[PDB]
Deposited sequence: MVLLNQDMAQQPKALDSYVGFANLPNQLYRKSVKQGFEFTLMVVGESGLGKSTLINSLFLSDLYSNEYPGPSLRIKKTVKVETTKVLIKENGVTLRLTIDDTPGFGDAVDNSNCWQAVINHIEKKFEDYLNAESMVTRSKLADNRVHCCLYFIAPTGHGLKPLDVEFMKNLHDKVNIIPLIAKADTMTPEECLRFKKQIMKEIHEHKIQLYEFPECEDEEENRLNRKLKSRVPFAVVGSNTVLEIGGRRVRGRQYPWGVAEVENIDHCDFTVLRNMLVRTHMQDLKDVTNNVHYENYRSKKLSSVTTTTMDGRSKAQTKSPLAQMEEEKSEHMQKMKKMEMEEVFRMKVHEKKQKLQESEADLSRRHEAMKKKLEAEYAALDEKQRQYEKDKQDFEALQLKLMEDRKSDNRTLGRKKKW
């Protein structure tokens, strides 16, 4: 089988659980870290998948130093692997959900991505893209990228295989679990009195891009960069110190 660890970080009510169900087509569903193990048997290859949710993130009045729990979790996994050297449970991917506000990064997001960008691969997703018009989505993406480049945050750059799809970072995702009948078509989407927002539509949200890149096109490069960059650096101080 194959092993993978995906962490979900974001404020509550941003479609985190719905997106996780949508990607993996399964009923998978004080800031600590909650672990859920699933065994997904699809496309022949069986994946033993781990989801590390961080519930309570950003739900408090004072959010100072609320990112220490995820740092502790990543470093604990690092130490467990280092001891076992003498199963890869290291957190390979981290999906960060940014609220669809339309102005830029909040200070909390900046702090999380400034103190976690040299621990885990950060994939920023704009949560709930079905509440923005395309122009707003592009403006928000540009502002987020400008602020990321201003604060010197090193995100995860996807490798060569979709050229216009991998340049869509940060991804704007829409998740749904209900199957609707549009003209005899079974489609996953959300039904509003004004129309049906479809999850798999390429013009509506970047769900298909993320599903392809993460689930079945680049799930091994994440592990490789985790082993050769983040874990190597972590050993480069603890052994040195």
What stretches of this chain's deposited sequence are missing C-alpha coordinates?
1-35, 65-77, 135-141, 217-224, 305-419
